[PDB]
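Taking it in order: structure first as structure tokens, then the write-up.
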Amino acid sequence: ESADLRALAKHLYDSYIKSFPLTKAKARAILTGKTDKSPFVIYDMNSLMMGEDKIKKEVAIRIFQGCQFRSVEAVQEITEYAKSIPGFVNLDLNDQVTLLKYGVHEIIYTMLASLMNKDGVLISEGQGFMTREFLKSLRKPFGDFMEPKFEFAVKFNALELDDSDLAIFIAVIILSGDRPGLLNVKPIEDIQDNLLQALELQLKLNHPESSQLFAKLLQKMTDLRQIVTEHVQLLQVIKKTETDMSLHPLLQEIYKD
Amino acid sequence: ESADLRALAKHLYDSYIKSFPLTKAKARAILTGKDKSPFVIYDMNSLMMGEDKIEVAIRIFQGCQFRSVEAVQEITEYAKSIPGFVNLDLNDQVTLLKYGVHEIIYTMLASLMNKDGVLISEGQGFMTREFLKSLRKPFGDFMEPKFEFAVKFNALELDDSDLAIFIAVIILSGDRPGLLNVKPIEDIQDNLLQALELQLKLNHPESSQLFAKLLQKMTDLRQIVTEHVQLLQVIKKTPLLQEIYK
Ligand SMILES: COC(=O)[C@H](Cc1ccc(OC(=O)C#Cc2ccc(OC)cc2O)cc1)Nc1ccccc1C(=O)c1ccccc1
Ligand SMILES: COc1ccc2ccc(=O)oc2c1
């Protein structure tokens, strides 16, 4: 029965809204230009320096540190959302930890896309907007850390997915049977089918004109995995290059593999 | 008319049954007996045996925390069922659910509980009251306070149907801190109180002022929740998983 699938989608969207402070719609409104929400934009060091006045060590490191603290915030929100997903809590604790560890970074990048536009990415709760170039400008090796994300962001954004569509999609990502170190795959696999079934109906209903959106969206997953692998490689260089720099413990634990 | 209250009462009962895997009647049948006896842990060995059938002090508490998380999701599904809960401001729904859950968990917990022991693993196993009491502080005290409440609360002899309305009343609480709008929450709560009152009289005509007595309990729930959090802070003083339970 579709109603069951529709109801499940409704639940996920509801959980998605409560779980995440900044929705895609809110981000789009600030970016679209729909006065109250207008974002201070950092395109230069002085603007970044200025940003402190109205927005919440080394600048390249400080900015990289900002993401690490923010990622921690995302992990907490994703983790909160993940519990919402029907039957995720029920799964074996190790599997819950394993799914979240592998799943979280992919979701963050997907979720990040909502903030991003070819020019820049929203920061500090949408209070400020950071230019893509400025992040690109960052001194090696830290400069091309958001360059991969931006590309995924235009390509993925192209989809034009609404928050409701995303909430189911993030759910599918988290509940992935094919995760290294899983004790039970079958319980996870069954849940994903429901998410997959719900997502498929949701896209058709939501984006009737769009064709093979489900297939196109599912393809996106390969890109997310590629991005995560690239980031880990980049992270490895950062640690050796910067002995002094410190990584968040929660973030480090996810990193270990 | 009155039919609406009865309609509401049945609707909550159906939602309550669907929402929760294990019911007081189902729990009752196992403690009373009626079809395989739950594995019983009275000893450290039995608990070790218990894991396979289905450190010492710390691990058990985690299971309760793990179970609680399951309860919150189950409660959330049932909470949605309640008429007009979904319509409420999303911040309010989160606030009612957040503050509401602990009181409901203990109330739900009570149905499983008997003076001697509390059921676990969906009635698969029974943990002896004495064994829980034995556990090294702060853990030894932790369960016992719940047992005392359960015995007194169980005294009412409420049926699952009575609980379902009662559970809705707890969730729909105006007092909760940070509510943006309370007119809708109190107005819905008022209707549920009306439904609960009618349900008790019909379901328990012989009982006198059962409604008032049930309303009285809430004070018990608030103190128990107050106690559990206070003990919990003390527990703190001794990875990703933290995030889950939080
Ligand atoms: C270690 O954690 C990570 O994997 C993160 C992934 C990530 C990427 C984006 C993200 O969300 C955000 O986009 C954000 C944010 C943010 C928040 C608060 C803030 O004020 C202090 C400032 C901010 O820019 C959240 C997480 N990436 C980084 C981690 C550390 C340092 C830099 C990054 C970058 O992604 C990065 C980035 C701009 C150049 C170069 C690199
Ligand atoms: C999963 O097994 C458990 C372990 C611990 C508890 C503790 C409280 C409870 O109500 O139910 C439980 C169930």
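We number chain A the same way Swiss-Prot does; the residues here are 235-268, 270-291, 303-503, in that order.
Any Cβ shown, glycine's included, is placed from N, Cα and C.
Noted from Swiss-Prot: of A:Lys252, A:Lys258, A:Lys462, the annotation ubiquitin cross-link belongs to A:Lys252. Annotated range for motif '9aaTAD' in Swiss-Prot, selecting from A:306-314, A:324-332, A:360-368, A:495-503: A:495-503. A:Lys291 and A:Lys303 flank a stretch of 11 residues with no modelled atoms, and their CA atoms are separated by 16 Å. Secondary structure by DSSP for the motif '9aaTAD' (A:495-503): 7 helix, 0 strand, 2 coil. Pairwise Cα distances among A:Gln314, A:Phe315, A:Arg316, A:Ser317, A:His351, A:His477, A:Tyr501, which the record gives as the binders of rosiglitazone, peak at 16 Å. Across the fold, the C-alpha of A:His351 (rosiglitazone binding site) and the C-alpha of A:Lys252 (ubiquitin cross-link) stand 20 Å from each other. Counting only the Cα atoms, the space from A:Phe315 (rosiglitazone binding site) to A:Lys252 (ubiquitin cross-link) is about 21 angstrom. Comparing the binding-site residues A:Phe315, A:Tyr501 on other C-beta atoms within 10 angstroms of each C-beta gives the minimum for A:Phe315.
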